[PDB]
Amino acid sequence: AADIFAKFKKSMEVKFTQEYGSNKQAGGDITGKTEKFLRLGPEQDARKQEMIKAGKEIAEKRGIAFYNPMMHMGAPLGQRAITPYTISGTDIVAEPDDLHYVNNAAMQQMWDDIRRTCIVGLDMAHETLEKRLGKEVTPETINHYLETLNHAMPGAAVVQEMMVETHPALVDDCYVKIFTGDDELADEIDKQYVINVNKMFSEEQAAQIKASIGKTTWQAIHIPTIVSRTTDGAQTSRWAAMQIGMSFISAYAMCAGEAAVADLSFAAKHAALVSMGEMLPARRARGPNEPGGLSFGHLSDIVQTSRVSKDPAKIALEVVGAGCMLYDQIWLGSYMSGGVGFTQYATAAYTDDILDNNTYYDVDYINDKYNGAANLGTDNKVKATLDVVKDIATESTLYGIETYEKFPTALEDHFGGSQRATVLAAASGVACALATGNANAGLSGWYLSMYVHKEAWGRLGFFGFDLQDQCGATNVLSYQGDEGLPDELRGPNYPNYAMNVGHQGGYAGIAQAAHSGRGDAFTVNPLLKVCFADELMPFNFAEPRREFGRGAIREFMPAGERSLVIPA
Amino acid sequence: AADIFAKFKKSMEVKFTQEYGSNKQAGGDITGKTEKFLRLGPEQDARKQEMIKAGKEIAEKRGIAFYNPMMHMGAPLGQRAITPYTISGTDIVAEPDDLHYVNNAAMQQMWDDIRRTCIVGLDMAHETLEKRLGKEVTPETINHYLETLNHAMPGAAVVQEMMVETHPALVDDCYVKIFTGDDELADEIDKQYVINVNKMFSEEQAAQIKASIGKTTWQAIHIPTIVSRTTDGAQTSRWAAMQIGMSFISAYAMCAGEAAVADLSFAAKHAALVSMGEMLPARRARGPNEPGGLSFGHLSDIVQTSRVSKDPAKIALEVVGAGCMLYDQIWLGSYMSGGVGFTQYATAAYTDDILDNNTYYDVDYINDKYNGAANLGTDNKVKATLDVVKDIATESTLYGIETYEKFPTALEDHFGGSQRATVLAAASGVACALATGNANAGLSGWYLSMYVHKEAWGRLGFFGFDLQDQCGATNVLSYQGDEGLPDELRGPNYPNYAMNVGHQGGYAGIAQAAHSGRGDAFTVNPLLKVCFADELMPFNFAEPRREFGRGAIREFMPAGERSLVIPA
Amino acid sequence: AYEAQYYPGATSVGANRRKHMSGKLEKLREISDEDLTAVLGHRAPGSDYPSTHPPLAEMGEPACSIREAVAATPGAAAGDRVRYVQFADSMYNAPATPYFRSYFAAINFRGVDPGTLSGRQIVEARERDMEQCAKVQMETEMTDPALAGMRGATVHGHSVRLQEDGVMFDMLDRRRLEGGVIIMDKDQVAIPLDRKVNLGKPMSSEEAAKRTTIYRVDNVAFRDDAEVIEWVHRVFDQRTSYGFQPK
Amino acid sequence: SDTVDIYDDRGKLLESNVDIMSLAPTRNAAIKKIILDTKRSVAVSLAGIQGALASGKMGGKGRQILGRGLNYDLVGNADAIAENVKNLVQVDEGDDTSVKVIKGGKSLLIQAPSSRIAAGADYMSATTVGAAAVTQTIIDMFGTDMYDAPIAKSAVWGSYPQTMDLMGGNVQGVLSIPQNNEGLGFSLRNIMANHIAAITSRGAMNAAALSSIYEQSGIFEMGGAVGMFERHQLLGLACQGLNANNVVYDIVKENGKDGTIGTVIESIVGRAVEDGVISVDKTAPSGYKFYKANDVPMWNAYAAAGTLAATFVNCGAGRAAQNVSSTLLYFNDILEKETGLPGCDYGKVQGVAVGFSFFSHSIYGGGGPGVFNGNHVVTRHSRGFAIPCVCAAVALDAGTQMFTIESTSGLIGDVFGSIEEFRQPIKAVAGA
Amino acid sequence: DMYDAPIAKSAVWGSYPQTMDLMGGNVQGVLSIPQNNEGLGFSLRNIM
Ligand code: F43
Ligand code: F43
Ligand SMILES: C[C@@H](OP(=O)(O)O)[C@H](NC(=O)CCCCCCS)C(=O)O
């Protein structure tokens, strides 16, 4: 697309040909092959200057050494110009350091919003009440329950005398809404508690969700961020169940602790629970609701772009961005390692419009070659074959490589081979998935991209990068026990994927792409799709990339801060 | 002890005979058996009033129901007077609600300080350098290494060009110190980095510690609270290792990534790592450095009272307090459940001096009857027998029960049977451990207390309280595979202990008591003892109960807030 | 035939505990079927028992030698819901203590699900079986209507100082002294009734002291009951020793 | 070297003068066979795979992959499937592989040959080879193109290997995955009570017996039956699980009409006195008699027997599973009060029952009795003497539960309930 | 002595069952504990 290409060139112009801080990069040509290295060091960058000053001040105050760029071997950072990033699809121009998750409240809040969320069916609980107690469940009793629940969930008492409670000002982000595939029920629940499927989704998307879940009713529970940050992911479903239990006791005048209550527990904690992700094996031991457990389809469903956009590529790209940030910066870059971590490995996939350029080129290529296959639809899709993948993936990768070659700015932007590989393979995979409506065909294209990349440049990514790459093509359509899996159900714990940056976000985009090409309401789980179709949540799941930008410019307010109970 | 008994009386006077908020509880007798119930509801209490107002305003602003005490069945909280708690051993009078961990930054920070900490040996890494690279390690090279590490550990670059870094002002709580049993080496390391064993401990304790660890050198690593809160405990050792690795590369001019580097990784991540706790099984799946994995011995060693006190009872009581808070309020009451949780289950063991009264009585009884056995010493201890335990535990429990009976205020304070059970058994167990220097004799005493309690009152604790109780006596000296274990090595994952409030903190106290009676330098791990012998840590580990008080009155400053990068 | 001895101890607390366990209890008051149903709050007084499953005779039963040997209760036969009665008892010499209520149920009633807590004790059973159990507890010396209360939720009070009129605190005020008698005008989960249930006069402090199954140092001191302490010590020594080596 | 007579669930003598050491999981051919058969067997829901294939609903709760429908008539072709599956599962023609079509083609029993178990570290080969065989059969029989292979595969395997288990899959045995073990040697303890009652067709004594076999095999594997502990555990297994000397059944019978937990205690104590297992040690001033055991392991076995008989009586009376948690607690609590002797497992049955009561009547976890097992955090603590009672209780429920045997265990019941050594475990152990 | 039984036991078994394994104990084979398995049928693959 000409418009995306123009945006890409503008991003290169801004990054490399207008001065940032005092980097002296005013003027020049985004196609030129040369650069003047001024050896300014870190001070050329406004953020680094602030950091240096804080570091020295804190060191002196606390009495033990701290941040000191002169501790870098040989020379301090910024012997070449330190340049900004534009958040893709936006005019937000960010300090590099402001995109580190530690430094970015929007990124932290995105994870918190996922971590602190679970989904619990209501039907089993209602059946328990009817069967064991002979209670009648009506819209009225549900409304009373939901009001009770909205008091109880943030951490407040409904039954016992002399209870202490969480401070409401600390847990303001906690609430429960319900959603239902039963249109009649939906109309009779107090609107304050309802995620209205018919209002939030197109008529065709609503119809798919309703057909998938039938006439079932579900709670979308978001526990306090402050709690989530004190504890862990595995807390979430436990917290939800406790307060669901108390709310049932209170709202339905049960015995405050009888046999029927245990059925409610079991339902809430197991039989009718939907977690964001499942537990992880011993080497990387973690309970549910951690990033490792979050399947690529689950992430695709959390992200809300599919709901508000008719552009298949855009939907996929938002998922890529959200995925690269979560999976690489927070998951791999912190949970699974730490330190400086992997900001730029991820930013490559959501900044400067480079990925978008490659992807939009592909959409045009596909539409020209395959009779409008990349357009939203189900009849227009092409059957996944090796031939189709070879065609689309090769062409995508050649085009991406050539762009890096014609624009030394782009190559210097994506200075790591890994970054370029993620970008090239993400566009290839997304393109193959868009064309075929087959997520694994997307995976094939991803892997093929890597193979083309490697032969073209005589290099690929970092030392370890292509473990999953080389196992990649062969495991796409394997049906062996620990090899076979649709990409929609794959995730960070899929064996080949368990370790390495620059992939997991791409695979999420590929999962989404197979479905957004088709205009599907969801990628793998309608329950998650509806759960997050809720503007009350702190993080805007419909525009993840933009949200990262808002965080970079310190305009995002997270939940969970403790200033109320802190010295001023 | 007369001073403790008097201090208990004063706590009962403050709580029940002096007005608090608007509760009208001026005047009266602490021994009287009657009360006038004014049915004032929550508004009588100043915190509740503030919570009510915040709840109403937030509900209105966000457009979904929230905190509302009128949702409590029958009647709102405070049909009887809402009365305060005094932190035991202090004059800090706290609002009940201010001791909920969510509402209390000191409690959150105590957990943060532990979660974010690990200990990594240096000897193995030094051998690696010498063997594989033929490097000489000297005090000078270590000093340079530690300066590098204190730059890198918070999340700063030492090797690559064009790196983004954590903002120093967000991660000012992160640092690395060393300690060593090699006195000569200690004298040669820059003092800014050293935990000085000879300065921080008494001569006797320093000698025990040095004899234990020999001439080994260790890094005490505390990663950023902000990171710990974003991720989990399993992050900690990974983060430590990453930055240790980078620092070795930089400080010793290694290849930035060679085979020898992997040896450093294995040593930091595994061979020379000491975690606060180990991983947990599937049902309660969690990685290392979570509360469940934290042995009672470990907690005893983190708490620093043993280092600054020579009163065995005081030392044990501090551990009880720290333990009930962490294990019951955060771990069992949040991680393993959630909601309103278990504040008062825990406060019962660190407020109003009730536990202290019983314990100090026990010390006097023991000293009188067992020739000063409870005084600090090793050869004054009595050999653990059934007779000794029956004597001490029975006496302890009888006295504690009589106190509750003679002071209706105390009974009403510890209104829950479980609370009373923890109190009585803690005293009994600590008492038995103090006399014998045998932690499992402490456990026998704990269980017998429960047995006496149940028969005396025809009640014990909550429905599920005495699962471990009834398994308790028989498993104390079992040597069966999944039964036998010294209390020092027991923890929240010991099978009988894995579920229920009101025990774990007591067991920590009992483990400490066996050692504090002896004047021992540590309970199970000298590495943890020295690691936390460090005033730079936000949480004052020498005085956990007081610290909780400081948090209650909003005087504790936590790490990890994000106000720097948040809208103002 | 083996005759149960129930519990050790020669004090009044001993005699009372043995009375509670054996069900050898003095009837002190009456409650009509309809009044009892009312306070229990599970169905309209006088109404049919709702069911959770069809009667045994209607649906049939799997081939089972135990089902064949063990007679279903009337409540089990009819497929009644499992419902409950729950009580709080003051530590200030209420006749009942939680464990002893549970022992009474387990010893004297078929098909019961007793649960003991500090602040409450419950019996869950098939509705009609449960009622017979609630009736006994309510009409006998086991319950004092001032020092105890039937409470299905918000049970707080057992450990709280008494009101000046000798009534144990109820957050939800389900029962209180009116005209020298205890009136219960709400169900056990504090839903107001269309009736005032007369539970008769409370015990004097003196009488409750003589009738209580609880020990207290200002009444019958546990410290002084060498026989029951011996019981505890014996069980303790056995459990400890046998957990090391069962021999 | 104790000898016992073994009696069936109707009080009929099965075998006289059995040495208890011959009842050891490590010695008894029939128990070994039960264990081997349990390890090597899995159920497959052909109906489930067929549904997942057509709808895309695979991989876990809520999951659906749109636009990837495969319409394969598995149920209509179950015999041919079973035959192909047998060919893949077997190691050698004529080995002990068995594959049976269950419930009109909806389900399969797959018994992997014992060679796979011999060659394996554990039992998961039955699942993995079973799933692999079914996956291969489907792909071959229905002509799945390679671009659809992932969809066919996950219809069988669910979310594995993103998940550690076959979450939202259609292959499962009676055991769970090894990684769910809380302890070492716990795999045979990780069997839902509902499963046990399903497999024994709600025969309460048979449920308790099958459960005792697994539990004690568990204890043995945990190293909890070494030296003096062997006699201890086998006495319990015999007296509680295998109706030794008809005592359990006899006690039930005499307490069946009007008996309570209270009267069952009287039955046990009466016998213990008669049989010389216990005697009065001391009479207290009040006339209360303090007992001592003449044989501690034997007393424990009487308490174990009593605990079960009490379960049969109390749960039996109420036709209500929930009564089991209080039965275990109060049988043992009141027994100690009655005698001054320790209750079953020296407090550990009572211990389990305290937590089990709470976790079967509260907000915090657990559930109805049917969800518990010997590997469950709540009910693991006793050495095999609690969970058999729970399986009995679940068997006896006449329909109070939300989590019925069918809801959790229908497939397992249909498939494993057909196997006679499982359905009739007392007869199996007694060689009848 | 039974009061020292816990010490003798853990000299052998280490921190089990606080830990999932015999951490700091003195009994080991070639294999690892089952729960260390990444996948199904992996125990025999878990040999250093
Ligand atoms: C020491 C290693 C070996 C290793 O295991 N990890 C390193 C270490 C470094 C450390 C660097 C922090 C620091 O500078 O102190 C961290 C940040 C991980 C951490 N500990 O936080 C890291 N790499 Ni690496 N590392 C990166 C990259 C790279 C690229 C850089 C090539 C180039 O031309 O600059 C190459 C791999 C390759 O050749 O493809 C690379 C190498 C290597 N990577 C070499 C150092 C290379 C050198 O001597 O300069 N990283 C990248 O390719 C992109 C971004 C990136 C990182 C963080 C971010 O995403 O912002 C990151 C992240
Ligand atoms: C619904 C239950 C059943 C269950 O499984 N847990 C409950 C639930 C309640 C809820 C109460 C919140 C609310 O009121 O909405 C919570 C806070 C757990 C949560 N969901 O966060 C809880 N108990 Ni409980 N719960 C407690 C206690 C108790 C004591 C109270 C007896 C009394 O006389 O008041 C008794 C058990 C006993 O008798 O021993 C008890 C019962 C029971 N406990 C009864 C309610 C009893 C009633 O109807 O009043 N709790 C305590 O003994 C002390 C403190 C305490 C809790 C929190 C804190 O520690 O601050 C707590 C904590
Ligand atoms: C029993 C078990 O729950 P499940 O039976 O697995 O649902 C377990 N919970 C607990 O043990 C809760 C402990 C804290 C709350 C009660 C303390 S008295 C857990 O969540 O893993």
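Chains as they are written, first to last, in my numbering: chain A, 1189 to 1756; chain B, 1189 to 1756; chain C, 2 to 248; chain D, 3 to 434; chain E, 16 to 63.
Ideal Cβ positions, reconstructed from N, Cα and C, are used throughout, including at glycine.
Here residue 1250 (chain A) carries a helix assignment [DSSP, helix/strand/coil].
Among the residues of chain B, those whose CB is under 8 Å from the CB of residue 184 (chain D) are 1469, 1470, 1471 and 1683, following chain order.
Across the region 168-193 of chain C, no CB contact with chain D closer than 7 Å is found for any residue. Within 9 Å of the CB of residue 123 (chain C), the CB atoms of chain A belong to 1443, 1445 and 1446, in sequence order along the chain. Contact check for residue 1454 (chain A) against residue 370 (chain D) passes: the beta carbons are separated by less than 8 Å. Put simply, of D:151, D:17, D:203 and D:23 the residue whose alpha carbon is nearest the alpha carbon of residue 222 (chain D) is D:23.
Leaving aside the five residues that flank residue 1234 (chain A) on each side, the residues in its chain whose CB is nearer than 6 Å to its CB run, in chain order, 1209. The DSSP assignment places complete alpha helix (DSSP H) segments of no fewer than 4 residues inside the region 1452-1526 of chain A at 1484-1490, 1493-1496 and 1500-1511, in order along the chain. Ligand 1 approaches residue 1530 (chain A) closely enough that one of its heavy atoms is under 7 Å from the residue's Cβ.
For residue 1650 (chain B), the Cβ falls inside the 7 Å cut-off from some heavy atom of ligand 2. Only residues of its own chain outside the window of five on either side were considered, and among them 37 have a CB closer than 6 Å to the CB of residue 31 (chain E), listed in chain order. Cβ atoms of residue 108 (chain C) and residue 24 (chain C) come within 8 Å of each other, at about 7 Å.
Residue environment for residue 1306 (chain B): buried (at least 16 other C-beta atoms within 10 angstroms of its C-beta). Residue 1693 (chain A) is positioned such that its CB atom lies no closer than 8 Å to that of residue 1501 (chain A). Residue-level contact check: residue 1670 (chain A) touches chain E, since one or more beta carbons of chain E fall below 8 Å from its beta carbon. Cβ-Cβ distances below 8 Å link residue 1582 (chain A) to 1636 and 1640 in the same chain, with the five nearest sequence neighbours on each side left out; the list follows chain order. Residue contact check for residue 1432 (chain B) against chain C: no CB pair falls below 8 Å. Within 9 Å of the CB of residue 154 (chain C), the CB atoms of chain B belong to 1261 and 1262, in sequence order along the chain. By the Cβ-count criterion, residue 71 (chain D) is exposed, with fewer than 16 other Cβ atoms from all chains shown falling within 10 Å of its own Cβ.
Within 7 Å of the C-beta of residue 1467 (chain A) there is not a single heavy atom belonging to ligand 3. A residue is called buried once 16 or more other Cβ atoms fall within 10 Å of its Cβ, and residue 1308 (chain B) is buried on that count.
By the Cβ-count criterion, residue 28 (chain D) is exposed, with fewer than 16 other Cβ atoms from all chains shown falling within 10 Å of its own Cβ. The region 57-73 of chain C and the region 318-325 of chain D touch, with three or more beta-carbon pairs separated by less than 8 Å.
DSSP places residue 1338 (chain A) inside the alpha helix (DSSP H), whose first and last residues are 1327-1340.
For residue 1308 (chain B), the distance from the CB to the nearest heavy atom of ligand 1 is not below 7 Å.
Per DSSP, the unbroken alpha helix (DSSP H) holding residue 1636 (chain B) starts and ends at 1627-1645. Of the residues assessed, residue 1458 (chain B) falls on the exposed side of the cut-off, its CB having fewer than 16 other CB atoms within 10 angstroms.
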